[PDB]
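A short write-up of the structure that comes next.
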Amino acid sequence: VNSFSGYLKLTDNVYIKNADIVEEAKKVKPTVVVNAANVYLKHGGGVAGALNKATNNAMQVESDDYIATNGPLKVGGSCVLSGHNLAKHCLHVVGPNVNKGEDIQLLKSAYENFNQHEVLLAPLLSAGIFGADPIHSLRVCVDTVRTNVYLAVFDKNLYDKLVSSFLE
Ligand SMILES: [Cl-]
């Protein structure tokens with residue numbers, strides 16, 4: 001388990017790779033994979049949809065059962081559900097959706113969820129459909145997360161921008 005290879009160490013506890021999170025989960029066998037969740041755990045798009053498709057919809061079936069009994073998450077919150085075939089656990093984390101007017105401040109709360117897990121495979125929170133500046137997201141990750149985080153960024157141009165930004 002947790003066989004991370006070819007990462008670039010940014011800080012003592014934050015690592016980055018130009019890779020697909022689904023392919024990483026299959027290769028690494030992480031204890032924890034982070035999902036870029038929404039409050040209703042509806043995994044139709046973005047990273048959530050890629051993770052769910054890689055579980056052959058088992059993540060969505062479990063999520064729908066969870067929500068019907070347990071209610072929604074909060075923005076900046078998390079829950080731990082099964083990792084199915086991808087990981088032991090999936091930490092579903094809700095970053096703010098700034099495209100929909102949610103407070104970017106909540107990205108700090110979102111990343112604080114990572115500190116309950118010693119090592120995580122994760123995407124950049126509030127990227128993509130959530131609309132936040134990826135350079136900002138990496139800074140909040142570095143400033144907030146104290147446990148070991150392995151970030152997978154699949155877009156090569158974005159990866160290059162993040163690494164260039166970080167090394168300034
Ligand atoms: Cl390195």
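Numbering starts fresh at 1 for the residues of each chain in the structure tokens, the chains themselves are lettered A, B, ... in the order given, and ligands are numbered from 1 as they appear.
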
- Message: So that I can check the secondary structure, give me every residue of stretch 41-151 of chain A assigned helix (DSSP H, G or I) by backbone DSSP, as a ChimeraX atom specification.
- Response: /A:46-54,58-70,98-100,106-116,128-130,134-144

Using 6 Å as the limit and counting only C-alpha atoms, can you tabulate each residue of stretch 56-166 of chain A that touches stretch 13-30 of chain A, with its shortest atom-to-atom distance in Å and the two atoms involved, as a tab-separated table?
```
residue	atom	partner	partner_atom	distance
A:86	CA	A:25	CA	5.3
A:87	CA	A:30	CA	5.2
A:148	CA	A:13	CA	4.5
A:149	CA	A:14	CA	5.0
A:150	CA	A:15	CA	4.8
A:151	CA	A:16	CA	4.6
A:152	CA	A:17	CA	5.2
A:153	CA	A:18	CA	5.0
A:154	CA	A:19	CA	4.6
```

Keeping only N, CA and C atoms, write the selected residues as a short mmCIF file (atom, residue, chain, number, x, y, z; two decimals), in the first residue's frame.
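Okay, again_20.cif is ready:
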```cif
data_model
loop_
_atom_site.label_atom_id
_atom_site.label_comp_id
_atom_site.auth_asym_id
_atom_site.auth_seq_id
_atom_site.Cartn_x
_atom_site.Cartn_y
_atom_site.Cartn_z
N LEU A 86 -10.45 1.41 -5.29
CA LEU A 86 -9.44 2.46 -5.48
C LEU A 86 -8.54 2.63 -4.26
N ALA A 87 -9.07 2.41 -3.07
CA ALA A 87 -8.38 2.71 -1.82
C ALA A 87 -9.07 1.98 -0.70
N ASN A 148 0.82 13.88 5.11
CA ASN A 148 1.49 13.71 3.81
C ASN A 148 0.45 13.65 2.72
N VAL A 149 0.53 14.60 1.79
CA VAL A 149 -0.43 14.65 0.68
C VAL A 149 0.30 14.56 -0.65
N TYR A 150 -0.20 13.66 -1.48
CA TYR A 150 0.30 13.35 -2.82
C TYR A 150 -0.76 13.84 -3.80
N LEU A 151 -0.48 14.94 -4.45
CA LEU A 151 -1.43 15.61 -5.37
C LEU A 151 -1.20 15.13 -6.80
N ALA A 152 -2.29 14.73 -7.45
CA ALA A 152 -2.28 14.30 -8.86
C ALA A 152 -2.96 15.38 -9.68
N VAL A 153 -2.22 15.94 -10.64
CA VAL A 153 -2.74 16.96 -11.57
C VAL A 153 -2.56 16.43 -12.98
N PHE A 154 -3.64 16.13 -13.67
CA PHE A 154 -3.51 15.41 -14.96
C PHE A 154 -3.19 16.36 -16.12
#
```

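Pairwise distance (atom CA of residue A:66, atom CA of residue A:79) equals 9.9 Å.
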
- DSSP says strand (DSSP E) for which residues of stretch 36-111 of chain A? Put them as a PyMOL selection string? chain A and resi 36+78-82+89-93

- Using only C-alpha atoms and all ligand atoms, which protein or nucleic acid residues are at most 8 Å from ligand 1, as a PyMOL selection string? chain A and resi 6-10+15

- Task: Please indicate the distance in Å from atom CA of residue A:164 to atom CA of residue A:138, rounded to one decimal place.
- Result: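 Computed distance, atom CA of residue A:164 to atom CA of residue A:138, equals 12.0 Å.
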
- Query: Residues at most 9 Å from residue A:34, counting only C-alpha atoms, excluding those fewer than 4 positions away in the same chain, as a PyMOL selection string?
  - Reply: chain A and resi 89-93+114+120-123

Include C-alpha atoms and write out the residues we just selected as a PDB file, in the first residue's frame.
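Written file, part-v8.pdb:
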```pdb
ATOM      1  CA  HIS A  89     -11.121   4.697   2.354  1.00  0.00           C
ATOM      2  CA  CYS A  90     -12.476   7.603   0.316  1.00  0.00           C
ATOM      3  CA  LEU A  91     -12.369  10.983   2.094  1.00  0.00           C
ATOM      4  CA  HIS A  92     -15.116  12.974   0.388  1.00  0.00           C
ATOM      5  CA  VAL A  93     -14.107  16.637   0.841  1.00  0.00           C
ATOM      6  CA  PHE A 114      -6.825  16.014   5.363  1.00  0.00           C
ATOM      7  CA  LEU A 120      -3.566  10.792   1.159  1.00  0.00           C
ATOM      8  CA  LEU A 121      -3.791  10.653  -2.634  1.00  0.00           C
ATOM      9  CA  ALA A 122      -5.695  13.828  -3.600  1.00  0.00           C
ATOM     10  CA  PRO A 123      -6.726  16.199  -6.352  1.00  0.00           C
TER      11      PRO A 123
END
```
